[PDB]
Amino acid sequence: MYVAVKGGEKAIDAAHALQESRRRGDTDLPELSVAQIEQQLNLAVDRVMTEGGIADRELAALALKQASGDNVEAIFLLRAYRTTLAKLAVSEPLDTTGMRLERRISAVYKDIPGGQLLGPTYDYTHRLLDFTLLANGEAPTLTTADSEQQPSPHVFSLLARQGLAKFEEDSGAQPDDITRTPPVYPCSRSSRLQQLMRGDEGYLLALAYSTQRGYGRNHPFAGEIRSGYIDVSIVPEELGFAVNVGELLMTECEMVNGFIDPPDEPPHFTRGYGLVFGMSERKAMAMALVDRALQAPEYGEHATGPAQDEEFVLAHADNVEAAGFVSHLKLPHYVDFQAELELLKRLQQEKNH
Amino acid sequence: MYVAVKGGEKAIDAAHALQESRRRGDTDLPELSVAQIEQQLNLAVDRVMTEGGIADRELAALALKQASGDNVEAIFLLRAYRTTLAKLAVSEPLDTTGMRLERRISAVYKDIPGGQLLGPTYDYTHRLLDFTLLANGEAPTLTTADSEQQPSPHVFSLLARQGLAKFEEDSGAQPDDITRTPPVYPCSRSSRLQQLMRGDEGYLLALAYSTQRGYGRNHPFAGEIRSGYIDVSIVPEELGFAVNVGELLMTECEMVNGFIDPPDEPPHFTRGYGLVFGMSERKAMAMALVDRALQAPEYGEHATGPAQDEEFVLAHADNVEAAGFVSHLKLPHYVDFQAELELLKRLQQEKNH
Amino acid sequence: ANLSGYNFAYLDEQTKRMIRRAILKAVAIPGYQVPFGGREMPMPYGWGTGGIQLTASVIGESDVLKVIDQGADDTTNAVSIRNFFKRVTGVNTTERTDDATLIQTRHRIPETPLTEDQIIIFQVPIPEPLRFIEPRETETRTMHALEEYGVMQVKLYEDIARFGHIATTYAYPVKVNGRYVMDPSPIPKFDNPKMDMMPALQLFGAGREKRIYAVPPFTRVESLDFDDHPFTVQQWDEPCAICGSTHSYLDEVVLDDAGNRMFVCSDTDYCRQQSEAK
Amino acid sequence: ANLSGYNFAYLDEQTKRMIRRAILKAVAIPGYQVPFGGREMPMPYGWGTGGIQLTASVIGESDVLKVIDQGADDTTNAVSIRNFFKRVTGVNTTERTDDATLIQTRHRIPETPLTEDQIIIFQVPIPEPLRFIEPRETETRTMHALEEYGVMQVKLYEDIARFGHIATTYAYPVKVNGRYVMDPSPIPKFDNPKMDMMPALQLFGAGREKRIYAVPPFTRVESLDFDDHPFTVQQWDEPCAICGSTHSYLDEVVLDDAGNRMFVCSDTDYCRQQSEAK
Amino acid sequence: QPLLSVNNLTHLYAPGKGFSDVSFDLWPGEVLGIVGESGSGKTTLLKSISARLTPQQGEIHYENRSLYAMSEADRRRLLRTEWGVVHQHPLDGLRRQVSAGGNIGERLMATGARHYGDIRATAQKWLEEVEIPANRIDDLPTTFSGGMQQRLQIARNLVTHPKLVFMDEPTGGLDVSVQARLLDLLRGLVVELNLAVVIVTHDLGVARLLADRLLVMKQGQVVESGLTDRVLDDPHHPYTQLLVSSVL
Amino acid sequence: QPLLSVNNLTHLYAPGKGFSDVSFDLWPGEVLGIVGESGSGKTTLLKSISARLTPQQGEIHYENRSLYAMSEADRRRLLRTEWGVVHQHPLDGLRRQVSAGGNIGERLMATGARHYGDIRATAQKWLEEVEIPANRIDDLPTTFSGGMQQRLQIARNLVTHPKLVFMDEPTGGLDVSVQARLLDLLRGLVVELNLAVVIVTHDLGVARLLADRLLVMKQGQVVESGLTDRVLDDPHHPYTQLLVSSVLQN
């Protein structure tokens, strides 16, 4: 007859060893360092920080190395690590006006105060595979202009001064924190922005692309995309006064969106907002576009696309949840499958009879 | 007065140099090699091959290096390179029964003929950041079992032999090739599968997750997930007989899906199919789930979720298109913005009058 | 003992306290899904995070932990969860349902009847029994609140009309304390009767969906059905090929491509208990 | 000459031939969006791939290529496209509309009137003028086929009723040859009249959407409007601050945070032509 | 005590759109018809008195309990067990994806029915009582005609023998024969089961044959009230005179 | 020649569901009412003869041209310019997101109208002709009542003065006064503009006052046909006798 044996634990251990060996790869090649990933794969690091929830470049690069380059796995690793960290403080609200700029562009005006700073970007590159990278090369010597940074007012501050757009006013409302309480639909805009920042880049990009193609359009213009170093400050209880704890490289995107004509005020442009860690800006743009799409209840807009369906967008945006639940089908399901089989075999035997 | 000056070209060149320097990063660290990325970041390479459309590990790793780890940019680089390559042959249809397995699991039965081969996987790992990877380590010594590969029948062949599922029959229909002609909606299942394989992992994962959560459910079970080396063969015209040109590492996912009760045949399970390059399997699972969702017209299913909306899913699935069109907002739009402004300024005056 | 560098049971005291308050609220409101601020675990969402959190919040040094998946202690994920709990708590573990004080289970209730002071913790993918009828939480929350379960009865009626049977075979909805329609987790219809008037506390954890619900001991759990279509549990024409039991839930193991198969107990501990007794 | 290692104009002969057939079909069916098997270019989709493909398919060694974006030759993307074409074709380039044989443009028609044997190639994001009314191609294809443009007229009527004006300010729909409603690309209303009975061939390329359409020389292009709400072009209370023209499309340049701004010609070549003439 | 008492009920979308200052009483076993020019607020009043629209002013008592002072659960229970509501559009009171048998049996199961065979038999009987064949029980209402759908929504809201049934143009889309068959059914239920009916209709013949009392609405204001026979044969308000004169 | 000729038209979803072997003729200036028990196929026949449903058998000629032998574009043009179609559900022949003025003016612009002011004036006039106030022109039909929506769909399909108008229960949901106001309008259009009408209704009074000829359908079969007065006052088929007897005498 048959006797049951124990095979689960050793199979698990062998599978983990196989995965670790595959991660190391050929041993003749030197092992990758987290520093190399942080420096040279910086955009993947940016995505992993933004979605995993920690603005620590080294940790995100470590997760990428551990995940064998899998962005979803690295993001989940970073989020799991976040769970183990004590919250020491809450930052004072970020002031993007103080950003030291690496890149500042505006699509709405040819030239603006402070100028069109392209900065480090792949924009306008010819996407031809560069086979010289197959071998070691020499980094180019950078041209140097004047060192001063020109006054860079937010383009939306220029639009609002003309009455074309409305200033974003602070009423002192306490932001919702979906990391402490589960989201409740309909969610506040603070909760929506927090979720979108953690949301999958591809999902939100597809939703925004759909909005551009008529599935809940909002007539977007890139009013300003700002990337640079923004200082973080906290008010520790031991001292009672603000202390600057460092700077973070972040990208801010502001979208002008289709004007509205309210009954009691002049017609004005609407707007969307995106904010991400690092330089990767398409995530911020998609965040702004989906934020504007989800603003439909505020503006009484009739939904014409899934991007405006708040629950559908947000409940499936976090790739931690989505990847976990899709991959969970790999788990043994033979008890549930036996139940489905037990019924089908009967409905097959009752139809034939 | 003011005079116009030329600044576009030099700004572009300086921006490209800045991006290249940032890609190189700190020069004290050795430059990353494409071989290291291919070996140790293999899952990112898998995604880039699958979505970029070329099953060349070195090219995908080169694109990742060139893209500073940006998966979207690397995928677009690989697709652009694909455009420059002559098509030398069309492979004979792949036979996954001949796959040399690295990993074979089934969620529907506890044990199957050939067994549950976990293989290299992160499944069942505790996602705790491994800080030992911050320094060089030693790869584990792999345990060795018997070298023979056990007969591994497809689980769906076991289900179909019992009448629980239907064999996928070949009618000789010529597959649609959306790389040669633009997709026409409604698309054939061959076109749908081709597009989904090229589709964004995050978008399709979110759609599949939504289907699991009731937005167009199809009651999925992972009937079998197979990863391994499959031989590619072509029938060159110079010889007239099949020649084996090599092997490709690929992952195949077969999903059992909710049974149906056709009027004239016994009730049976439906199915979905996913196939990807490399080992990354969540893309294949999402592909299978969305394939089943898009099978609604065949089964006369009443759509209850966006995942079943064929045009919405497919038109926005390709992240080449989506990323390009979202990023295009960064382009100067001041002519169009001036038009919108010219109108809004007149509407403001008329409302105030 | 715990010698892993993490807090006992890997949860910070604030998260444990919040989950404990949620557990008490769920006990006081049987069948109601209590939202809780679930955290991301070392296991991916959809791989038992809710059950892990509940066990971590309830478990103590003196508890004997039993972890089973598909009814088996040696299942991959059950092994992973048990090893994690051994690492971060050091508690004693057992494969015997009788000797367990805490049972964390995925898709099976043990064949061995549970006793007083035992807590069984279920891992739940979808805490909402009405989700597959109404995917949106905004509607199901109000349906729960106003006891509007008319959509489930219609679903059952239509299933009978279309097939002659109720299509649902696992995660079969059950009315709790005469009020709340509840999802018992993806356990088979075979196990649902065990829930009725059980002398053990039942806890249900949906980590990804951020819900916790519970059934107190000796609480009425009635599977939704009709008088002329009474609740019928799964049945097999064969006994277990190892122990010969005819009263256990059976898993089908395919032995070859020729179609030879054997049915064996999913509850491996019960199978061993029967086999040893001969 | 071409010394880049690629085929002349970077396109393989099969792709060029397919695009050429599509161009001929579009010319024979003015206003109709001809699907074509567009390929991925070194530029991202949505950054002018359709126009690049059309130019590559039509361009020759003897052509003088003019590339303008927002009406300016020095615009970033225009510079990139012109440099790519210089690399892969080696053709002569010019900033003068009069001296150009091929003009690839994004969002502007040059102020200088076009002449015979000139081809102007437009870059089109959305080749379907009815897309923002009906996002689905499955419906718009049939709307084009059955000449059912009632949804556009209703849109214009509702825009007038709500605002008193037609909200569309660029990419303004135009009827071509009395039959086909067409999107002229995101050129402003200012430029639409230039399309009517033009002595130059107009080609429109939507690479991402995989469409090509064309307007032959001396073809009727009529912007949709009403008699009591006639088509009115953009107007500015100021002339160009550099050349003093009152007849050119103007771009607003913000000089400081204090709100000082100047309006200058978007068509930089026309601005230079006027300034030199004094 | 009156079964349903309405006092100074008001709900206006805009001046002249809706209803205002509407008061009346309804005892068991009598029918209160409502007539008026199209857009007079009859539908708004019907929704307000059926717990489907919170009034801006006034009050509604049902069995000595304020209708809107109770919890939403109690109002839902009333609309689920002992209150019928026939809508002007038949599909509003129907489930498109649920067969006719399911639509009828939802109401039966809400009342405690748990025997599939008896539910199916009662659904077939009622489908036949409203002149729909029994073989259509498994068919979805989308495949039914407008009259068939309306007669399905009547059967759905009368299968539970509710105490109070609100109707909006119930006879619309029904031929004269099935119309009279549905009026006779209502009269039988009223006389036997003591059912109360509040019906909004334009066909004055149906009100005369069915409505015990009649109300007349114009510009959202109740202009005339009293017995159906007195109002129809001896109208006082000019609009009532015009409406009766218009009778073909 | 008849304006609309139907020969052996048939379309059945299942035996007894739909219509079969239906033939008749319609000349300009006359109204052809259709009556029968609910579910007799009146709506199916109306859709089939209005180019909305391809018949399984038979033929339809319009001005010596087979209705379904022409291209889809020609049929769409007919339904867009010179053919009115009032649906049993008012919202079917209305645009929810488009105001009443827009709904009425779509039909005017399809006929060549390109003056916004004249379109608006005509829409206001017709809103008043069907008893809806002019100030509701900018309001969406979703905010209208059922009778208001039905009277909007009549105004929408009569603003262009079409030659042939198909109606399905046009009088449903309308009070007697506005019903008679809408019957008088139809009579005026028919006598003056020579409009042809094919109306499906259950109120025999409307058919008597309007329908020049009458058809009776039962189980998808045309049982009785001829003049409205003869059919109503001197019925032959038993079902017609039952239907006339059921009439609620006042």
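We call the chains A, B, C, D, E and F, going by the order they appear; numbering starts again at 1 in every chain.
Methods note: contacts are C-beta pairs under 8 Å (C-beta built on N, C-alpha and C of every residue); 3 or more make two chains touch, one makes a residue touch a chain.
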Contact steps required, at the very least, to link chain D with chain E come to 2
Top of the farthest list for chain F, CA-centroid basis, is C
Interface copy of B-D among A-D, A-C or B-C, with over half of contact pairs matching by residue number, is A-C
Rounded to the nearest Å, the gap between Cα centres of chain C and chain F is 61
Cα centroid separation, chain B vs chain F, in Å, comes to 53
Chain centres from averaged Cα atoms put chain B and chain E apart, in whole Å, by 56
For the pair chain A and chain C, the C-alpha centroid-to-centroid distance in angstrom is 35
Residues of chain B that touch two or more other chains sit at 11-12, 76, 80, 109-110, 118, 123-125, 127-128, 210, 213, 215, 261, 305, 315, 321, 323, 325-327, 331-334, 336, 340-341, 347
Check: chain E positions touching at least 2 other chains come out as none
Touching two or more other chains in chain D are residues 42, 44, 70, 76-77, 79-80, 163, 251-252
So the touching chain pairs work out to A-B, A-C, A-D, B-C, B-D, C-E, D-F, E-F
Residue positions on chain F within touch of chain E in the complex are 13, 35-39, 43, 88-89, 131-132, 143-148, 151, 169, 172-180, 202, 204-206, 209, 242-243, 246-248, 250
The chain B residues in contact with chain C across the complex are 109-113, 118, 123-128, 151, 153, 157-158, 161-162, 210, 213-215, 217, 261, 304-305
Chain D residues touching chain A in their complex are 42-44, 70, 72, 76-77, 79-80, 84, 126, 131-135, 162-163, 251-257, 259
Chain D partner, complex, touching residues on chain B are 1-4, 6-9, 11-12, 76, 79-80, 82-84, 86, 179-182, 184-186, 311, 315, 320-321, 323-328, 331-336, 338-343, 346-347, 350
Per the touch rule, the chain D residues reaching chain F in their complex are 145-148, 150, 153-154, 157-158, 160-161, 225-229
